[PDB]
Every structure is written in C-alpha cells, then in structure tokens.
C-alpha cells in the first residue's frame, strides 16, 4: 500500500489527495480559475479523483460522466455501520439532492441511528466525492459540517440551493 499524494487548488482552498494502486484513501481540505494537481500521473485512483474534482467544481453538468475511483481507506476495508452509511450516501444522493440524517439512517437499516449517521459524516475520509455535505436537517437547516459551516453552504449553493456562496 504505497501511499502517494498530490495537491489540487480549488474554490474551497487546497485539497490534498492521497491514495495507492488499490484506491483513493483520502481527500483533505487544507483550507474561479481551474487548477491542475501539483504532481501529475498515477496511481490511477489519484488521477481519477483529480478529474472528478475538476469536473465537480468546473464542469458540474458533466459530473456523472466521471468514474468514482476505487476506495481503499481502511474504513471501506471492513464491514461497519459507518461504511454502510458512506456507501449508501455515495450511491443514492445525487448532485443537487439532499437527504436528512434520519433518512440516511433509515437507508442504512436503523431509522433511530441519526446521531450515529452524523458521526459517520466525520469519519468520511473522502468529502465531496462521498457527498456528506448533502446530509442535512429535516428542519431545512443546513446542519453541521466537519470542514465548517461555510464550506457546506458553499457546496450546497454550488448545487443549486437558495443559499449564497459565502466568502472562502
């Protein structure tokens, strides 16, 4: 599991992508013009992640065209409620759609585990790609976000919701 890394500038600030031949491990937010990854080339999961992020931010109408890379962070290597939540989220909630913590918990097999779902949103090593920003409050409120409220709102505004893109 030879770990390789590359960084990509984005509207949300610098993104550190890490992964190996087997899959992408993590997308880390370190804090208008499309940028390239600082280090080009494989492993394949990294190149796929870079193309997906570029499309997400700069060619969103075509986001469904880009393959989601294989994931190899340990959380995906074992069976757990967190993994089920993360995989369910990735599969069901599309660009522009939202789901409540409770609906995701129901989707993951336990309608009463909304709090566990919230915690799982932070155990998410690959934000944006696995759209944890689309998990919101049943009240209509945006809700918490590991990377800060402003980022969640920026992403939701980017996906068509009636929120203004905050200053980031």
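Numbering follows the first chain given and starts at 1.
Other PDB entries, at least a third, lacking residue 44: No: coordinates for residue 44 present in every compared entry.
- prompt: Does residue 32 go missing in at least one third of the other entries compared here?
  reply: Yes; at least one third of the other entries leave residue 32 out.
task = If the chain runs straight from residue 41 to residue 42, say none; otherwise bin the unmodelled deposited residues as 1 to 3, 4 to 9, or 10 or more.
result = Unmodelled stretch: none, continuous chain.
Next item on the list: Pick between 91-99 and 73-81: the one whose mean CA B-factor in the entry is higher.
Entry: Taking the mean C-alpha B-factor of 91-99 and of 73-81, the larger value falls to 73-81.
Checklist entry - Should the higher mean CA B-factor in the entry be assigned to 106-114 or to 60-68? => result Per the PDB record, 106-114.
- Query: Per the entry, which of 131, 140, 36, 123 tops the list for Cα B factor?
  - Reply: If I rank 131, 140, 36, 123 by C-alpha B-factor, first place goes to 123.
Item to check | Among 53, 46, 30, 27 - the residue whose C-alpha B-factor is largest in the record | outcome: When the deposited C-alpha B-factors of 53, 46, 30, 27 are compared, 30 is largest.
Problem - Within-chain third of residue 11 by Cα B-factor, per the entry - result: CA B-factor rank for residue 11: middle third.
Where does residue 17 sit by CA temperature factor within its chain: lowest, middle or highest third?
Middle third.
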